[PDB]
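Form solved without the named molecule, single chain, as structure tokens, below.
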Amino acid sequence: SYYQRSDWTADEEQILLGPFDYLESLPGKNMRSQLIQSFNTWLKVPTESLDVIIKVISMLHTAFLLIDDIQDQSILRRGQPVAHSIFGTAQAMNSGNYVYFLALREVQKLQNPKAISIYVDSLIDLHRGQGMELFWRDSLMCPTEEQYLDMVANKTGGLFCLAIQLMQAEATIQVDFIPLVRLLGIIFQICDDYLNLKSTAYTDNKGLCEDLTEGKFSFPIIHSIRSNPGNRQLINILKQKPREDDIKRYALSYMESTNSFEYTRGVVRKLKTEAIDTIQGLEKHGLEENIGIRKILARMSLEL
């Protein structure tokens, strides 16, 4: 035969994972692993299966970061260069897409037929989330706050619900944790939306107000645009995707003038009270007190 097929070699797998391994080497906050641990106080998935779920979620998380940074044309991730500024958008996009299916091969180790439908439903929902966010961005059409939370429940909540739904599939308890964890993702994203524009530590890790450079209809941005349609300064700044900080400082100033950050803080307050009440609900009906998930809720809301 003229063609003799060769085995896949570690050296080649080291190329394919180049961009992905670069990100995993950048130190991150590891909040999804602490989310899983919190919920395991209740679901008590054994260590063998839990370690597989933690691998799958951490894998997909990094893969999405590779691809969001490309799609969102970001400069910094975790204070350091975005992977594609080193490896180029093409290899980084491929490396992330590759990992998606490496994680699918991992979920398969659970030998749990429900876990597969869960992964497929989840990846469908994640892509539906980024699909709507990109739609609004590129059409310069500000969504309603309700539309935004639907999108976030798919895009950010979608990974949280995968993690917990895989755990539910690996446990016999018949209690539905998904509503709680979806709420936690929404809070997490709204908090992330606020910190992008207000935290000094987020300026260090992504740059000043990078959501403005990216053109994102984020939560406080939506509220400031919609609080006065007569003024089109902010939505036009979004259209310009400004890299300059003079424009970003002006936008962040305009957004304070529309009380958009008290608004967001107040919404996060109301959602935290729902989450605490949901948690207390689960515990009234058979579940032991869960300090860890109360701390994960406190940690994500400190409005730095």
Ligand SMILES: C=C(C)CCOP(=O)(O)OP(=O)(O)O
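A residue's number is simply how far along the shown sequence it sits, counting from 1.
- As the entry records it, the average C-alpha temperature factor is higher for 155-163, out of 91-99 and 155-163.
- Two stretches are in play, 28-36 and 254-262, and the higher mean C-alpha B-factor belongs to 28-36.
- Taking the deposited Cα B-factors for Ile53, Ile279, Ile67, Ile237, the highest one is held by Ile279.
- Taking only the listed residues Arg137, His127, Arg105, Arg182, the entry reports the highest CA temperature factor at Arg182.
- Among the modelled residues of the chain, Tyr202 sits in the highest third by CA temperature factor in this PDB entry.
- For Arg77, the recorded CA B-factor ranks within the highest third of the chain. Only modelled residues enter the ranking.
- Ranked within its chain, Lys109 lands in the middle third, by CA B factor from the PDB record.
- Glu289: CA B factor lies in the highest third for its chain, per the PDB record.
- In the deposited entry, the Cα temperature factor of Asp193 sits in the bottom third of values across the chain's modelled residues.
Form solved in complex with the named molecule: not shown, discussed below.
- Checked against the named molecule in the bound PDB entry, the residues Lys114, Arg232, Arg78, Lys109 give one hit for a heavy atom within 4.5 Å, which is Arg78.
- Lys29 is the sole member of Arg243, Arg249, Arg265, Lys29 with a non-hydrogen atom lying within 4.5 angstroms of the named molecule in the bound PDB entry.
- Shown alone here, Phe87 lies farther than 4.5 Å from the named molecule in the bound PDB entry, counting heavy atoms only.
- Proximity of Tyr119 to the named molecule in the bound PDB entry falls outside the 4.5 Å heavy atom cutoff.
- Taking the partner from the other structure, the named molecule in the bound PDB entry has no heavy atom within 4.5 Å of any heavy atom of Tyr98.
- At the 4.5 Å threshold, heavy atoms of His61 reach the named molecule in the bound PDB entry.
- Stretch 29-37 is the contacting one of 253-261, 29-37, 44-52, 271-279, since its residues have non-hydrogen atoms within 4.5 Å of the named molecule in the bound PDB entry.
- Using a 4.5 Å cut-off on any heavy atom, none of the residues of 287-304 reaches the named molecule in the bound PDB entry.
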